[PDB]
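Student: Have a peek at query10.cif (mmCIF, N, CA and C atoms).
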data_protein
loop_
_atom_site.group_PDB
_atom_site.id
_atom_site.type_symbol
_atom_site.label_atom_id
_atom_site.label_comp_id
_atom_site.auth_asym_id
_atom_site.auth_seq_id
_atom_site.Cartn_x
_atom_site.Cartn_y
_atom_site.Cartn_z
ATOM 1 N N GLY A 1099 26.139 213.488 134.545
ATOM 2 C CA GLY A 1099 26.722 214.638 135.208
ATOM 3 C C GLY A 1099 25.844 215.250 136.276
ATOM 4 N N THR A 1100 24.596 214.794 136.415
ATOM 5 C CA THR A 1100 23.689 215.320 137.433
ATOM 6 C C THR A 1100 23.190 214.205 138.344
ATOM 7 N N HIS A 1101 22.400 213.264 137.831
ATOM 8 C CA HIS A 1101 21.816 212.202 138.635
ATOM 9 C C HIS A 1101 22.234 210.845 138.085
ATOM 10 N N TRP A 1102 22.352 209.870 138.983
ATOM 11 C CA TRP A 1102 22.755 208.518 138.617
ATOM 12 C C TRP A 1102 21.544 207.733 138.128
ATOM 13 N N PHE A 1103 21.665 207.150 136.938
ATOM 14 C CA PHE A 1103 20.595 206.376 136.329
ATOM 15 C C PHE A 1103 21.034 204.928 136.151
ATOM 16 N N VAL A 1104 20.046 204.039 136.090
ATOM 17 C CA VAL A 1104 20.269 202.623 135.825
ATOM 18 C C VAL A 1104 19.917 202.350 134.370
ATOM 19 N N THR A 1105 20.743 201.549 133.703
ATOM 20 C CA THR A 1105 20.532 201.249 132.296
ATOM 21 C C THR A 1105 21.115 199.881 131.973
ATOM 22 N N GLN A 1106 20.561 199.263 130.933
ATOM 23 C CA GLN A 1106 21.087 198.003 130.436
ATOM 24 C C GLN A 1106 22.385 198.241 129.669
ATOM 25 N N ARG A 1107 23.177 197.174 129.539
ATOM 26 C CA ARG A 1107 24.464 197.291 128.865
ATOM 27 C C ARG A 1107 24.304 197.408 127.354
ATOM 28 N N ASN A 1108 23.227 196.856 126.797
ATOM 29 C CA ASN A 1108 23.029 196.847 125.353
ATOM 30 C C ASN A 1108 22.324 198.090 124.824
ATOM 31 N N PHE A 1109 21.711 198.896 125.687
ATOM 32 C CA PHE A 1109 21.009 200.090 125.234
ATOM 33 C C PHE A 1109 20.903 201.071 126.391
ATOM 34 N N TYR A 1110 20.601 202.324 126.051
ATOM 35 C CA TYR A 1110 20.494 203.406 127.023
ATOM 36 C C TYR A 1110 19.018 203.718 127.245
ATOM 37 N N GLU A 1111 18.507 203.344 128.418
ATOM 38 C CA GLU A 1111 17.124 203.621 128.807
ATOM 39 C C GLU A 1111 17.131 204.128 130.242
ATOM 40 N N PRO A 1112 17.201 205.443 130.439
ATOM 41 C CA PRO A 1112 17.286 205.981 131.803
ATOM 42 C C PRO A 1112 16.223 205.396 132.722
ATOM 43 N N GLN A 1113 16.652 204.998 133.918
ATOM 44 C CA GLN A 1113 15.754 204.473 134.936
ATOM 45 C C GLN A 1113 16.191 204.996 136.297
ATOM 46 N N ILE A 1114 15.216 205.405 137.108
ATOM 47 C CA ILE A 1114 15.516 205.956 138.422
ATOM 48 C C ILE A 1114 16.011 204.848 139.342
ATOM 49 N N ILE A 1115 16.996 205.176 140.177
ATOM 50 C CA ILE A 1115 17.516 204.215 141.142
ATOM 51 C C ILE A 1115 16.464 203.993 142.222
ATOM 52 N N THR A 1116 16.089 202.732 142.431
ATOM 53 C CA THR A 1116 15.075 202.380 143.415
ATOM 54 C C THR A 1116 15.504 201.115 144.142
ATOM 55 N N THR A 1117 14.822 200.833 145.255
ATOM 56 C CA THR A 1117 15.088 199.607 145.997
ATOM 57 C C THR A 1117 14.747 198.366 145.186
ATOM 58 N N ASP A 1118 13.830 198.482 144.223
ATOM 59 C CA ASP A 1118 13.468 197.343 143.389
ATOM 60 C C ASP A 1118 14.521 197.059 142.326
ATOM 61 N N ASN A 1119 15.250 198.083 141.885
ATOM 62 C CA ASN A 1119 16.299 197.917 140.889
ATOM 63 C C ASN A 1119 17.666 197.646 141.502
ATOM 64 N N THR A 1120 17.796 197.727 142.825
ATOM 65 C CA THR A 1120 19.061 197.491 143.505
ATOM 66 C C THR A 1120 18.854 196.485 144.628
ATOM 67 N N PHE A 1121 19.967 195.947 145.123
ATOM 68 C CA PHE A 1121 19.958 194.985 146.216
ATOM 69 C C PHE A 1121 20.906 195.457 147.309
ATOM 70 N N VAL A 1122 20.493 195.272 148.558
ATOM 71 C CA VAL A 1122 21.266 195.721 149.711
ATOM 72 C C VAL A 1122 22.200 194.597 150.135
ATOM 73 N N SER A 1123 23.505 194.854 150.069
ATOM 74 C CA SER A 1123 24.502 193.881 150.487
ATOM 75 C C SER A 1123 25.699 194.614 151.068
ATOM 76 N N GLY A 1124 26.265 194.053 152.133
ATOM 77 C CA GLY A 1124 27.435 194.627 152.760
ATOM 78 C C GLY A 1124 27.186 196.046 153.253
ATOM 79 N N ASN A 1125 28.286 196.761 153.454
ATOM 80 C CA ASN A 1125 28.269 198.150 153.889
ATOM 81 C C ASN A 1125 29.001 199.012 152.863
ATOM 82 N N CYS A 1126 29.103 200.304 153.166
ATOM 83 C CA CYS A 1126 29.724 201.265 152.264
ATOM 84 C C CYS A 1126 31.234 201.354 152.438
ATOM 85 N N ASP A 1127 31.800 200.663 153.426
ATOM 86 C CA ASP A 1127 33.226 200.741 153.715
ATOM 87 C C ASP A 1127 34.037 199.636 153.050
ATOM 88 N N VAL A 1128 33.398 198.754 152.282
ATOM 89 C CA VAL A 1128 34.093 197.651 151.625
ATOM 90 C C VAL A 1128 34.338 198.012 150.165
ATOM 91 N N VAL A 1129 33.255 198.198 149.408
ATOM 92 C CA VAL A 1129 33.367 198.475 147.983
ATOM 93 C C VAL A 1129 34.283 199.668 147.769
ATOM 94 N N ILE A 1130 35.242 199.514 146.861
ATOM 95 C CA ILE A 1130 36.177 200.581 146.523
ATOM 96 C C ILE A 1130 35.568 201.405 145.396
ATOM 97 N N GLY A 1131 35.475 202.717 145.607
ATOM 98 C CA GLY A 1131 34.899 203.611 144.628
ATOM 99 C C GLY A 1131 33.414 203.851 144.781
ATOM 100 N N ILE A 1132 32.799 203.359 145.861
ATOM 101 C CA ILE A 1132 31.371 203.558 146.060
ATOM 102 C C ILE A 1132 31.070 205.047 146.145
ATOM 103 N N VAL A 1133 29.908 205.437 145.624
ATOM 104 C CA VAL A 1133 29.486 206.831 145.596
ATOM 105 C C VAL A 1133 28.201 206.972 146.398
ATOM 106 N N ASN A 1134 27.956 208.193 146.866
ATOM 107 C CA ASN A 1134 26.779 208.509 147.663
ATOM 108 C C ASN A 1134 25.707 209.113 146.765
ATOM 109 N N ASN A 1135 24.469 208.664 146.941
ATOM 110 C CA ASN A 1135 23.343 209.174 146.172
ATOM 111 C C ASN A 1135 22.072 208.900 146.968
ATOM 112 N N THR A 1136 20.938 209.347 146.430
ATOM 113 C CA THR A 1136 19.639 209.160 147.065
ATOM 114 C C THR A 1136 18.919 208.010 146.370
ATOM 115 N N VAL A 1137 18.692 206.926 147.102
ATOM 116 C CA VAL A 1137 17.948 205.780 146.592
ATOM 117 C C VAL A 1137 16.469 206.027 146.854
ATOM 118 N N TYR A 1138 15.679 206.075 145.785
ATOM 119 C CA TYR A 1138 14.255 206.352 145.903
ATOM 120 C C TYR A 1138 13.517 205.115 146.399
ATOM 121 N N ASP A 1139 12.645 205.309 147.385
ATOM 122 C CA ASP A 1139 11.835 204.229 147.936
ATOM 123 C C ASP A 1139 10.394 204.407 147.478
ATOM 124 N N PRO A 1140 9.846 203.512 146.649
ATOM 125 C CA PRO A 1140 8.458 203.700 146.195
ATOM 126 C C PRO A 1140 7.431 203.557 147.302
ATOM 127 N N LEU A 1141 7.764 202.879 148.402
ATOM 128 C CA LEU A 1141 6.830 202.735 149.510
ATOM 129 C C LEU A 1141 6.817 203.950 150.429
ATOM 130 N N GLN A 1142 7.821 204.820 150.336
ATOM 131 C CA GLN A 1142 7.854 206.003 151.194
ATOM 132 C C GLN A 1142 6.674 206.930 150.939
ATOM 133 N N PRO A 1143 6.394 207.368 149.707
ATOM 134 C CA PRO A 1143 5.226 208.239 149.506
ATOM 135 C C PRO A 1143 3.903 207.529 149.726
ATOM 136 N N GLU A 1144 3.850 206.211 149.518
ATOM 137 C CA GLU A 1144 2.605 205.480 149.734
ATOM 138 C C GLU A 1144 2.225 205.462 151.209
ATOM 139 N N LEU A 1145 3.210 205.300 152.096
ATOM 140 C CA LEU A 1145 2.925 205.305 153.525
ATOM 141 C C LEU A 1145 2.585 206.708 154.013
ATOM 142 N N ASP A 1146 3.221 207.728 153.433
ATOM 143 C CA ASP A 1146 2.943 209.106 153.812
ATOM 144 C C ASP A 1146 1.650 209.630 153.204
ATOM 145 N N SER A 1147 1.197 209.048 152.098
ATOM 146 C CA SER A 1147 -0.034 209.483 151.447
ATOM 147 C C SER A 1147 -1.245 208.798 152.069
ATOM 148 N N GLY B 1099 20.708 174.542 161.350
ATOM 149 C CA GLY B 1099 20.109 173.970 162.540
ATOM 150 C C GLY B 1099 19.315 174.951 163.371
ATOM 151 N N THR B 1100 19.350 176.240 163.036
ATOM 152 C CA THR B 1100 18.593 177.256 163.758
ATOM 153 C C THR B 1100 17.460 177.799 162.892
ATOM 154 N N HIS B 1101 17.777 178.485 161.796
ATOM 155 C CA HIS B 1101 16.768 179.067 160.924
ATOM 156 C C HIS B 1101 17.119 178.772 159.473
ATOM 157 N N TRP B 1102 16.092 178.562 158.655
ATOM 158 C CA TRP B 1102 16.304 178.282 157.242
ATOM 159 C C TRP B 1102 16.727 179.546 156.504
ATOM 160 N N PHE B 1103 17.721 179.406 155.632
ATOM 161 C CA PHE B 1103 18.267 180.518 154.870
ATOM 162 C C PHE B 1103 18.186 180.222 153.378
ATOM 163 N N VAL B 1104 18.277 181.283 152.583
ATOM 164 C CA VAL B 1104 18.290 181.195 151.127
ATOM 165 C C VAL B 1104 19.661 181.661 150.658
ATOM 166 N N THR B 1105 20.453 180.733 150.125
ATOM 167 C CA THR B 1105 21.810 181.024 149.692
ATOM 168 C C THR B 1105 22.017 180.526 148.268
ATOM 169 N N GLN B 1106 23.074 181.031 147.639
ATOM 170 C CA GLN B 1106 23.409 180.625 146.284
ATOM 171 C C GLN B 1106 24.008 179.220 146.278
ATOM 172 N N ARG B 1107 23.930 178.569 145.117
ATOM 173 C CA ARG B 1107 24.465 177.218 144.990
ATOM 174 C C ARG B 1107 25.988 177.232 144.938
ATOM 175 N N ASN B 1108 26.563 178.146 144.153
ATOM 176 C CA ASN B 1108 28.012 178.207 144.006
ATOM 177 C C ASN B 1108 28.696 178.918 145.167
ATOM 178 N N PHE B 1109 27.963 179.724 145.932
ATOM 179 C CA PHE B 1109 28.530 180.455 147.055
ATOM 180 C C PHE B 1109 27.539 180.454 148.208
ATOM 181 N N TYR B 1110 28.071 180.396 149.427
ATOM 182 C CA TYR B 1110 27.255 180.375 150.636
ATOM 183 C C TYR B 1110 27.117 181.800 151.158
ATOM 184 N N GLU B 1111 25.905 182.346 151.073
ATOM 185 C CA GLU B 1111 25.624 183.712 151.514
ATOM 186 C C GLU B 1111 24.300 183.719 152.266
ATOM 187 N N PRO B 1112 24.326 183.440 153.567
ATOM 188 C CA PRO B 1112 23.079 183.388 154.338
ATOM 189 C C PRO B 1112 22.258 184.659 154.175
ATOM 190 N N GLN B 1113 20.968 184.483 153.903
ATOM 191 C CA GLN B 1113 20.043 185.594 153.736
ATOM 192 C C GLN B 1113 18.699 185.218 154.340
ATOM 193 N N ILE B 1114 18.099 186.165 155.064
ATOM 194 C CA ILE B 1114 16.809 185.908 155.690
ATOM 195 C C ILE B 1114 15.752 185.686 154.619
ATOM 196 N N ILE B 1115 14.881 184.704 154.853
ATOM 197 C CA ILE B 1115 13.822 184.395 153.902
ATOM 198 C C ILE B 1115 12.842 185.557 153.841
ATOM 199 N N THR B 1116 12.546 186.016 152.628
ATOM 200 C CA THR B 1116 11.631 187.129 152.422
ATOM 201 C C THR B 1116 10.800 186.873 151.173
ATOM 202 N N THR B 1117 9.705 187.626 151.049
ATOM 203 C CA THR B 1117 8.820 187.466 149.903
ATOM 204 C C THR B 1117 9.489 187.863 148.593
ATOM 205 N N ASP B 1118 10.573 188.638 148.650
ATOM 206 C CA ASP B 1118 11.252 189.059 147.430
ATOM 207 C C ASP B 1118 12.130 187.957 146.852
ATOM 208 N N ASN B 1119 12.655 187.072 147.695
ATOM 209 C CA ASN B 1119 13.528 185.996 147.251
ATOM 210 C C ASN B 1119 12.777 184.709 146.935
ATOM 211 N N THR B 1120 11.468 184.666 147.175
ATOM 212 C CA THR B 1120 10.669 183.477 146.917
ATOM 213 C C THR B 1120 9.323 183.893 146.342
ATOM 214 N N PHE B 1121 8.612 182.915 145.783
ATOM 215 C CA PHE B 1121 7.287 183.127 145.218
ATOM 216 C C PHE B 1121 6.346 182.045 145.720
ATOM 217 N N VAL B 1122 5.100 182.428 145.974
ATOM 218 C CA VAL B 1122 4.099 181.517 146.518
ATOM 219 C C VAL B 1122 3.495 180.703 145.383
ATOM 220 N N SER B 1123 3.547 179.379 145.515
ATOM 221 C CA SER B 1123 2.968 178.483 144.526
ATOM 222 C C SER B 1123 2.515 177.206 145.217
ATOM 223 N N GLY B 1124 1.439 176.621 144.699
ATOM 224 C CA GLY B 1124 0.920 175.395 145.266
ATOM 225 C C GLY B 1124 0.511 175.563 146.723
ATOM 226 N N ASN B 1125 0.449 174.428 147.416
ATOM 227 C CA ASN B 1125 0.091 174.378 148.825
ATOM 228 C C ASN B 1125 1.139 173.565 149.580
ATOM 229 N N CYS B 1126 0.894 173.361 150.873
ATOM 230 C CA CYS B 1126 1.816 172.626 151.727
ATOM 231 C C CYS B 1126 1.572 171.123 151.719
ATOM 232 N N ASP B 1127 0.456 170.666 151.154
ATOM 233 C CA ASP B 1127 0.111 169.252 151.136
ATOM 234 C C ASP B 1127 0.527 168.546 149.852
ATOM 235 N N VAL B 1128 1.162 169.252 148.919
ATOM 236 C CA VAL B 1128 1.583 168.682 147.641
ATOM 237 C C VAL B 1128 3.078 168.376 147.637
ATOM 238 N N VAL B 1129 3.916 169.408 147.755
ATOM 239 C CA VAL B 1129 5.360 169.209 147.720
ATOM 240 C C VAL B 1129 5.764 168.213 148.794
ATOM 241 N N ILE B 1130 6.630 167.275 148.425
ATOM 242 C CA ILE B 1130 7.097 166.253 149.355
ATOM 243 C C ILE B 1130 8.307 166.778 150.114
ATOM 244 N N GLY B 1131 8.357 166.485 151.412
ATOM 245 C CA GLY B 1131 9.466 166.925 152.234
ATOM 246 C C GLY B 1131 9.440 168.384 152.617
ATOM 247 N N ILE B 1132 8.293 169.051 152.480
ATOM 248 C CA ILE B 1132 8.202 170.460 152.838
ATOM 249 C C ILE B 1132 8.341 170.622 154.347
ATOM 250 N N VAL B 1133 8.913 171.750 154.759
ATOM 251 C CA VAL B 1133 9.127 172.049 156.166
ATOM 252 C C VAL B 1133 8.415 173.352 156.506
ATOM 253 N N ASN B 1134 8.165 173.540 157.798
ATOM 254 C CA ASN B 1134 7.487 174.725 158.303
ATOM 255 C C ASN B 1134 8.507 175.767 158.738
ATOM 256 N N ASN B 1135 8.198 177.030 158.471
ATOM 257 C CA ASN B 1135 9.078 178.141 158.820
ATOM 258 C C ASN B 1135 8.277 179.430 158.672
ATOM 259 N N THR B 1136 8.924 180.551 158.980
ATOM 260 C CA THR B 1136 8.308 181.867 158.901
ATOM 261 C C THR B 1136 8.965 182.684 157.797
ATOM 262 N N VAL B 1137 8.141 183.363 157.004
ATOM 263 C CA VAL B 1137 8.604 184.193 155.898
ATOM 264 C C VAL B 1137 8.484 185.650 156.323
ATOM 265 N N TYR B 1138 9.598 186.377 156.265
ATOM 266 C CA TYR B 1138 9.603 187.776 156.666
ATOM 267 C C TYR B 1138 8.966 188.640 155.584
ATOM 268 N N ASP B 1139 8.062 189.527 155.996
ATOM 269 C CA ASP B 1139 7.384 190.430 155.078
ATOM 270 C C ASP B 1139 7.849 191.854 155.336
ATOM 271 N N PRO B 1140 8.475 192.521 154.364
ATOM 272 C CA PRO B 1140 8.946 193.894 154.608
ATOM 273 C C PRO B 1140 7.822 194.897 154.797
ATOM 274 N N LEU B 1141 6.605 194.586 154.351
ATOM 275 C CA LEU B 1141 5.487 195.508 154.503
ATOM 276 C C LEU B 1141 4.907 195.505 155.910
ATOM 277 N N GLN B 1142 5.073 194.413 156.658
ATOM 278 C CA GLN B 1142 4.534 194.359 158.015
ATOM 279 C C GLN B 1142 5.145 195.417 158.921
ATOM 280 N N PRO B 1143 6.470 195.521 159.053
ATOM 281 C CA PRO B 1143 7.036 196.548 159.942
ATOM 282 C C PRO B 1143 6.812 197.967 159.451
ATOM 283 N N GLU B 1144 6.623 198.171 158.148
ATOM 284 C CA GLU B 1144 6.398 199.507 157.610
ATOM 285 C C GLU B 1144 4.993 200.030 157.880
ATOM 286 N N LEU B 1145 4.095 199.193 158.403
ATOM 287 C CA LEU B 1145 2.732 199.636 158.673
ATOM 288 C C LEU B 1145 2.669 200.689 159.770
ATOM 289 N N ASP B 1146 3.692 200.769 160.626
ATOM 290 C CA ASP B 1146 3.689 201.759 161.697
ATOM 291 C C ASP B 1146 3.869 203.178 161.176
ATOM 292 N N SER B 1147 4.444 203.341 159.989
ATOM 293 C CA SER B 1147 4.652 204.666 159.415
ATOM 294 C C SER B 1147 3.438 205.111 158.607
#
Spell out the structure here as C-alpha cells.
Tutor:
Amino acid sequence: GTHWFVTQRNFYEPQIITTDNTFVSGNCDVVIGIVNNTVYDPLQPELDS
Amino acid sequence: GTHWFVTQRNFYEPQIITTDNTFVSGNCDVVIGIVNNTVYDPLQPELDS
C-alpha cells in the first residue's frame, strides 16, 4: 500500500526495486497495467559520493 | 553481419553485448573459433558524473 517491493513466489522477503533486480525492455506504452515508481540505482550515490 | 548480438535460443531478441549478459573466463587462445568484438561497459559512460 506504500512502496513496491520485489519478492519470491514461495516466500515473502521484502527487497527494494533496483536495476540489478529488474531488466530494461521495451517502453511503458506496451505493457498493459504498467505502474510508475522510483527505480533505485545503486551507482547513483556512488558517483555522487 | 554487422555487430555480434546476444539473443535467446527459443526467441530472437537482439541485445547489445554487455558485461551483465556475459562473464569473463579463460583467454582468447584457448576457445576454438573465437571472434574479436567489443564489449560495452555501463561503468565507462557513467564516469563523467
Student: For the contact check between chain A and chain B, emit one row per residue of chain A within 8 Å, containing the shortest atom pair and the distance in Å rounded to one decimal, counting all atoms listed in the file, chain then rising number order, as CSV.
Tutor:
residue,atom,partner,partner_atom,distance
A:1144,C,B:1147,C,7.5
A:1145,C,B:1147,C,4.9
A:1146,N,B:1147,C,5.8
A:1147,N,B:1147,C,7.9
Student: So for segment 1116-1121 of chain B, what box centre and size do we get, axis-aligned, 5 Å extra on each of the six sides, every listed atom, Å to one decimal, as JSON?
Tutor:
{"center_x": 9.9, "center_y": 185.6, "center_z": 148.9, "size_x": 17.2, "size_y": 17.0, "size_z": 17.4}
Student: Mind fitting chain A onto chain B over all Cα atoms in sequence order and sending the result as a compact mmCIF listing (two decimals) with N, CA and C atoms, keeping the file's coordinate frame?
Tutor:
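Result file follows (part.txt):
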# COMPACT_ATOMS: atom_id res chain seq x y z
N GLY A 1099 20.96 174.70 161.53
CA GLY A 1099 20.42 174.08 162.72
C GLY A 1099 19.50 174.97 163.52
N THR A 1100 19.39 176.25 163.16
CA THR A 1100 18.51 177.18 163.87
C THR A 1100 17.49 177.81 162.92
N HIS A 1101 17.93 178.63 161.97
CA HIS A 1101 17.04 179.33 161.07
C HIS A 1101 17.38 178.98 159.62
N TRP A 1102 16.36 178.98 158.77
CA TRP A 1102 16.52 178.65 157.36
C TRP A 1102 16.98 179.88 156.59
N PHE A 1103 18.07 179.73 155.85
CA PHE A 1103 18.65 180.82 155.07
C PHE A 1103 18.61 180.47 153.59
N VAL A 1104 18.62 181.51 152.76
CA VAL A 1104 18.68 181.38 151.31
C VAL A 1104 20.11 181.66 150.87
N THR A 1105 20.61 180.86 149.94
CA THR A 1105 21.98 181.01 149.46
C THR A 1105 22.08 180.50 148.03
N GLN A 1106 23.07 181.04 147.32
CA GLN A 1106 23.36 180.57 145.97
C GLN A 1106 24.06 179.22 146.02
N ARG A 1107 24.00 178.50 144.90
CA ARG A 1107 24.60 177.17 144.85
C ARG A 1107 26.12 177.23 144.77
N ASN A 1108 26.67 178.31 144.22
CA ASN A 1108 28.11 178.43 144.03
C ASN A 1108 28.84 179.01 145.23
N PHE A 1109 28.13 179.62 146.18
CA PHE A 1109 28.78 180.21 147.35
C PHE A 1109 27.77 180.31 148.48
N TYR A 1110 28.29 180.51 149.69
CA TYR A 1110 27.48 180.59 150.90
C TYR A 1110 27.39 182.05 151.33
N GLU A 1111 26.22 182.66 151.14
CA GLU A 1111 25.96 184.04 151.55
C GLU A 1111 24.61 184.08 152.25
N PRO A 1112 24.58 183.93 153.57
CA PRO A 1112 23.29 183.88 154.28
C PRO A 1112 22.38 185.03 153.89
N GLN A 1113 21.11 184.70 153.63
CA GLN A 1113 20.10 185.69 153.30
C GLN A 1113 18.79 185.30 153.97
N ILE A 1114 18.10 186.29 154.54
CA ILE A 1114 16.85 186.03 155.24
C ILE A 1114 15.77 185.66 154.24
N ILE A 1115 14.92 184.71 154.62
CA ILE A 1115 13.81 184.31 153.76
C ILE A 1115 12.78 185.44 153.75
N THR A 1116 12.43 185.91 152.56
CA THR A 1116 11.48 187.00 152.40
C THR A 1116 10.57 186.70 151.22
N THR A 1117 9.48 187.46 151.13
CA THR A 1117 8.57 187.33 150.00
C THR A 1117 9.23 187.71 148.69
N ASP A 1118 10.26 188.56 148.73
CA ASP A 1118 10.96 188.95 147.51
C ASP A 1118 11.91 187.86 147.03
N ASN A 1119 12.43 187.04 147.94
CA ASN A 1119 13.32 185.95 147.57
C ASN A 1119 12.59 184.64 147.30
N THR A 1120 11.28 184.58 147.55
CA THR A 1120 10.50 183.37 147.33
C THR A 1120 9.27 183.71 146.50
N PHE A 1121 8.64 182.67 145.97
CA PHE A 1121 7.43 182.81 145.16
C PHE A 1121 6.35 181.90 145.71
N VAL A 1122 5.12 182.39 145.72
CA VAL A 1122 3.98 181.66 146.27
C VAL A 1122 3.36 180.83 145.16
N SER A 1123 3.37 179.51 145.33
CA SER A 1123 2.76 178.61 144.36
C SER A 1123 2.20 177.40 145.09
N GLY A 1124 1.04 176.93 144.64
CA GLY A 1124 0.42 175.76 145.22
C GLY A 1124 0.13 175.94 146.70
N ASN A 1125 -0.05 174.81 147.37
CA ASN A 1125 -0.30 174.75 148.80
C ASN A 1125 0.78 173.90 149.48
N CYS A 1126 0.64 173.73 150.79
CA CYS A 1126 1.62 172.99 151.58
C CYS A 1126 1.36 171.49 151.60
N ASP A 1127 0.25 171.03 151.01
CA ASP A 1127 -0.12 169.63 151.04
C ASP A 1127 0.34 168.86 149.81
N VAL A 1128 1.03 169.51 148.87
CA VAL A 1128 1.49 168.86 147.65
C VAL A 1128 2.97 168.50 147.80
N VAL A 1129 3.81 169.53 147.95
CA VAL A 1129 5.25 169.31 148.03
C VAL A 1129 5.56 168.31 149.12
N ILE A 1130 6.37 167.31 148.79
CA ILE A 1130 6.78 166.29 149.74
C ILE A 1130 8.05 166.77 150.44
N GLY A 1131 8.01 166.78 151.78
CA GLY A 1131 9.13 167.24 152.56
C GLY A 1131 9.11 168.71 152.91
N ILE A 1132 8.02 169.42 152.61
CA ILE A 1132 7.94 170.84 152.92
C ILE A 1132 8.07 171.04 154.42
N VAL A 1133 8.71 172.14 154.81
CA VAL A 1133 8.95 172.46 156.21
C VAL A 1133 8.26 173.78 156.54
N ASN A 1134 7.97 173.96 157.82
CA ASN A 1134 7.30 175.16 158.31
C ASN A 1134 8.34 176.13 158.86
N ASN A 1135 8.19 177.41 158.51
CA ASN A 1135 9.09 178.45 158.98
C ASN A 1135 8.35 179.78 158.89
N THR A 1136 9.01 180.85 159.33
CA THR A 1136 8.45 182.19 159.31
C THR A 1136 9.03 182.95 158.13
N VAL A 1137 8.18 183.29 157.17
CA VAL A 1137 8.59 184.08 156.01
C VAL A 1137 8.46 185.55 156.38
N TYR A 1138 9.57 186.28 156.33
CA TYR A 1138 9.59 187.68 156.71
C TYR A 1138 8.98 188.53 155.60
N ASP A 1139 8.09 189.44 155.98
CA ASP A 1139 7.46 190.36 155.03
C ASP A 1139 8.03 191.75 155.23
N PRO A 1140 8.77 192.31 154.27
CA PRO A 1140 9.34 193.66 154.48
C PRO A 1140 8.29 194.75 154.55
N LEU A 1141 7.09 194.53 154.01
CA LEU A 1141 6.04 195.54 154.07
C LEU A 1141 5.29 195.52 155.40
N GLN A 1142 5.43 194.45 156.18
CA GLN A 1142 4.73 194.38 157.46
C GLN A 1142 5.18 195.48 158.42
N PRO A 1143 6.47 195.66 158.71
CA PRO A 1143 6.86 196.75 159.61
C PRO A 1143 6.64 198.13 159.02
N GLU A 1144 6.68 198.26 157.69
CA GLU A 1144 6.45 199.57 157.07
C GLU A 1144 5.01 200.03 157.28
N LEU A 1145 4.05 199.11 157.17
CA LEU A 1145 2.66 199.48 157.39
C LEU A 1145 2.38 199.74 158.86
N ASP A 1146 3.04 199.01 159.75
CA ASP A 1146 2.86 199.21 161.18
C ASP A 1146 3.62 200.43 161.70
N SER A 1147 4.67 200.86 161.01
CA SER A 1147 5.45 202.01 161.42
C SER A 1147 4.82 203.30 160.90
Student: Where does the PyMOL selection byres ((chain B and resi 1102) around 7) land in this file, that is, which residues does it pick, as a ChimeraX atom specification?
Tutor: /B:1099-1101,1103-1104,1113-1115
Student: Could you jot down the atom C of residue 1137 of chain B to atom CA of residue 1106 of chain B separation for me, Å, one decimal place?
Tutor: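 Between these atoms lies a distance of 18.7 Å.
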Student: What separation in Å, quoted to one decimal, exists between atom N of residue 1117 of chain B and atom C of residue 1139 of chain B?
Tutor: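 Between atom N of residue 1117 of chain B and atom C of residue 1139 of chain B the gap works out to 6.3 Å.
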Student: Just list as a JSON list (two decimals) with N, CA and C atoms, keeping the file's coordinate frame whatever in chain A DSSP marks as helix (DSSP H, G or I).
Tutor:
[["chain", "number", "residue", "atom", "x", "y", "z"],
["A", 1141, "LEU", "N", 7.76, 202.88, 148.40],
["A", 1141, "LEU", "CA", 6.83, 202.74, 149.51],
["A", 1141, "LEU", "C", 6.82, 203.95, 150.43],
["A", 1142, "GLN", "N", 7.82, 204.82, 150.34],
["A", 1142, "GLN", "CA", 7.85, 206.00, 151.19],
["A", 1142, "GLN", "C", 6.67, 206.93, 150.94],
["A", 1143, "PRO", "N", 6.39, 207.37, 149.71],
["A", 1143, "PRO", "CA", 5.23, 208.24, 149.51],
["A", 1143, "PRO", "C", 3.90, 207.53, 149.73],
["A", 1144, "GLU", "N", 3.85, 206.21, 149.52],
["A", 1144, "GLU", "CA", 2.60, 205.48, 149.73],
["A", 1144, "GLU", "C", 2.22, 205.46, 151.21],
["A", 1145, "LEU", "N", 3.21, 205.30, 152.10],
["A", 1145, "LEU", "CA", 2.92, 205.30, 153.52],
["A", 1145, "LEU", "C", 2.58, 206.71, 154.01],
["A", 1146, "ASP", "N", 3.22, 207.73, 153.43],
["A", 1146, "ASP", "CA", 2.94, 209.11, 153.81],
["A", 1146, "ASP", "C", 1.65, 209.63, 153.20]]
